[PDB]
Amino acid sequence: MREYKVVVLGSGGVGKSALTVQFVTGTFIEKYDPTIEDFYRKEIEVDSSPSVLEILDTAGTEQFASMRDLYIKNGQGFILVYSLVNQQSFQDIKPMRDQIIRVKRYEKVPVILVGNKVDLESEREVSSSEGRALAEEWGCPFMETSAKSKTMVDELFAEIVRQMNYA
């Protein structure tokens, strides 16, 4: 019920592009192509409401550090992704919300914390309760996902819309 600008942030290879491409195409990318800066748009029915999601999928590998503030300035909603099989990506996510609040200057920014790659949880490095405790401290929702399933990815994107709708 408006245009929704979501920025997906997180370190290299956590599955930011696989999550966005699952949402947009219903396909799973199996190869790893490091992202420069990709924009997607899709219509979605969130609780029957028409919502045009515009998704900025950013670079994680070496990111584009200085520019991240520009991405944050322009974003309305933020999906903070880590890989649950990579402890370091989780650690890398911990300053991200503070950086968002710094750029935006207000505390109630719509964010979701995502632990991705749940289908690889035989090699889990970060437990649900850890992710969930970070999200609780931030006051935002926590989800765990696999970019392999359309269903999990659709609820992710549906939820960020609800968070942006209620701010």
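Numbering starts at 1 and runs along the sequence shown.
Legend entry - Average Cα temperature factor in the PDB entry - higher stretch of 139 to 147, 7 to 15: In the deposited entry, the stretch with the higher C-alpha B-factor mean is 139 to 147.
Legend entry - Between the two ranges 49 to 57 and 129 to 137, the one averaging a larger CA B factor in the entry: Taking the mean B-factor of the alpha carbons in each, 49 to 57 is higher.
Legend entry - C-alpha B-factor winner, where the candidates are 103, 120, 114, 111: Of the candidates given, the C-alpha B-factor peaks at 103.
Inset, instruction - Among all modelled residues of this chain, ranked by Cα B factor, put residue 93 in the bottom, middle or top third, i.e. lowest, middle or highest. - result: Ranked within chain, residue 93 CA B lands in the middle tercile.
Inset, instruction - Just say lowest, middle or highest third for the CA B-factor of residue 161 relative to the other modelled residues in its chain. - result: According to the entry, residue 161 has a C-alpha B-factor in the chain's middle third.
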